[PDB]
2 protein chains.
Amino acid sequence: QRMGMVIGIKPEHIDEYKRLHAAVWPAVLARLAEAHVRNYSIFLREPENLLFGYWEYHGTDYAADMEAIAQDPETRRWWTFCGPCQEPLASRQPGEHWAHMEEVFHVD
Amino acid sequence: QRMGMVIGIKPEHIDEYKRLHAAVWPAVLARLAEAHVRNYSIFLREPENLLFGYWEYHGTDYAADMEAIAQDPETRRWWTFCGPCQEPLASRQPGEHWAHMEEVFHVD
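Reading the values: the criteria
Residues numbered from 1 in each chain as written, not as in the entry; some residues may be left out. Chains lettered and ligands numbered in written order. Heavy atoms only, no water. Buried < 20%, exposed > 50% of the residue type's maximum accessible area, 1.4 Å probe, protein only. Helix = DSSP H or I, 4+ residues; strand = E, 2+ residues; numbered from the N terminus. Arc of directions from axis to C-beta. Contact = heavy atoms within 4.5 Å. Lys, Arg positive; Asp, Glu negative; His and termini not counted. Salt bridge = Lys/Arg side-chain N within 4 Å of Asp/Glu carboxyl O. Polar contact = N/O pair within 3.5 Å; in protein donor to acceptor, adjacent residues only side chain to side chain. Least-squares fit on C-alpha atoms. Buried area = accessible area lost by both parts, 1.4 Å probe. Nonpolar A, V, L, I, M, F, W, Y, C, P; charged D, E, K, R; others polar. Pairing = 2+ DSSP bridges. Disulfide = S-S within 2.5 Å.

Method of determination, as annotated in the archive: X-ray crystallography, at 2.2060 Å resolution.

This paragraph deals with helix 4 (residues 73-82) of chain B. An α-helix turns once per 3.6 residues; consequently, residues spaced three or four apart project the same way. Residue and element names in this part refer to chain B. Inspection of helix 4 places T75, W78 and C82 among the buried residues, and these make up the whole buried set. Taken down its axis, helix 4 places every buried residue within 55° of arc, on the same side. Among the structural elements, helix 1 (14-21), helix 2 (26-34), helix 3 (62-71) and strand 4 (86-87) are those in contact with the buried residues of helix 4.

A few words now on unusual backbone geometry. When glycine is set aside, most residues are seen to have a negative phi, and most peptide bonds are trans. All names here are of chain A. In this structure, the amide linkage connecting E46 to the following residue, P47, adopts the cis form with an omega of 5°. Looking at where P47 falls in the secondary structure, it is placed in the loop between strand 2 (37-45) and strand 3 (50-57). Even without being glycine, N39 reaches a positive phi, approximately 55°.

Glancing now at the environment of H36 of chain B. By the secondary structure assignment, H36 of chain B is in the loop between helix 2 and strand 2 (37-45). As a C-alpha pair, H36 of chain B and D65 of chain B span 29 residues in sequence and 8.2 Å in three-dimensional space.

Within the secondary structure layout, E56 of chain A lies in strand 3. Despite its burial, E56 of chain A pairs with no opposite charge, the nearest such side chain being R2 of chain A at 6.4 Å. Within the structure, the side chain of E56 of chain A is placed 2.7 Å from the side chain of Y54 of chain A, a separation counted as a polar contact. A distance of 2.7 Å separates polar atoms of two side chains, one belonging to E56 of chain A and the other to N39 of chain B. Once residues within four sequence positions are removed from consideration, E56 of chain A is found in contact with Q1, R2, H36, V37, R38 and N39 of chain A together with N39 of chain B.

Quick look at the relation of the copies chain B and chain A now. Mapping chain B onto chain A is achieved by rotating through 180° and translating by 0.0 Å along the same axis, at an RMSD of 0.1 Å. Read as a symmetry element, the transformation amounts to a two-fold axis.

Moving on, we come to the interface of chain B and chain A. One frequently used descriptor of interface size is the decrease in accessible area upon assembly of the parts. Facing 36 residues of chain B, the contacting portion of chain A comprises 38 residues. The junction of chain B with chain A conceals about 3,400 Å² of combined surface from both sides, 64% of it contributed by carbon and sulfur atoms. Contact with chain A buries area across many residues of chain B, yet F43, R45 and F105 of chain B alone supply 22% of it, more than any other trio. For the pair chain B and chain A, the number of links is 2 salt bridges. When the shortest N-O distance is used, the salt bridge between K18 of chain B and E102 of chain A registers 3.0 Å. Counting across the chain B and chain A interface gives 22 residue pairs in polar contact. Those elements giving two or more residues to the side of chain B that touches chain A turn out to be strand 1 (2-9), helix 1, strand 2, strand 3 (50-57), strand 5 (99-100) and strand 6 (102-107) of chain B. The dominant element in the side of chain B that touches chain A, judged by the number of residues it contributes, is strand 2 of chain B, at 8 residues. Grouping the amino acids of the side of chain B that touches chain A by side-chain chemistry returns 19 nonpolar, 7 polar and 10 charged. In this sheet, strand 6 of chain B lies alongside strand 2 of chain A in antiparallel orientation, the contact comprising 5 bridges. Within strand 6 of chain B, the position partnered with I42 of chain A by the bridge is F105 of chain B.

What follows covers the state of the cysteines. All names here are of chain A. Using the criterion set out here, one finds 0 disulfides over all chains in the structure. A disulfide-free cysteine, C82 has its sulfur positioned 6.9 Å from the sulfur of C85, the nearest such atom. For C82, a relative accessible area of 5% gives the class buried.

Structure below.
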């Protein structure tokens, strides 16, 4: 089960965002493995200033495991550094930070 | 070796684009495997009207295999139907159709 998501990034914080993601806290990565997320990549487009997230989720209850991560106190701390670099899409859904995208094609 | 790429889509052709990619010609899919492209997904964002492509390339000379595909007469026919649905990024590089994105994070 694949997922693609998109969020804006403030251009003055691209280098900071990059620096953070060159060394993600190993427990945050462990919290993500624990929620069955695998093969997770983030890609940057300039000058449109967009981040595109891609990951494969091998779990059973997505909205559960996502709420699990969301109150793990150390992941919560981590997001205090990512967030101010980010610019959630004005067109996103209520409750969304990253905006979910619709898969229209796959081939193994 | 992962790749992420982005292109715009004309919103009046989203349904056509979706219809085409629900049943891609098997020879196009086969020539893509021939060029070592695997786990290839495309995602749609509305209302921003962006397509985000993701694939993993297990080859050894990317720029070669990408012009192998590019004059395979069936794949060229195929692109006669995708292209007109698409809107290449004004900010893209000369010679680009889809625009390359920079990976800034990965975890297995």
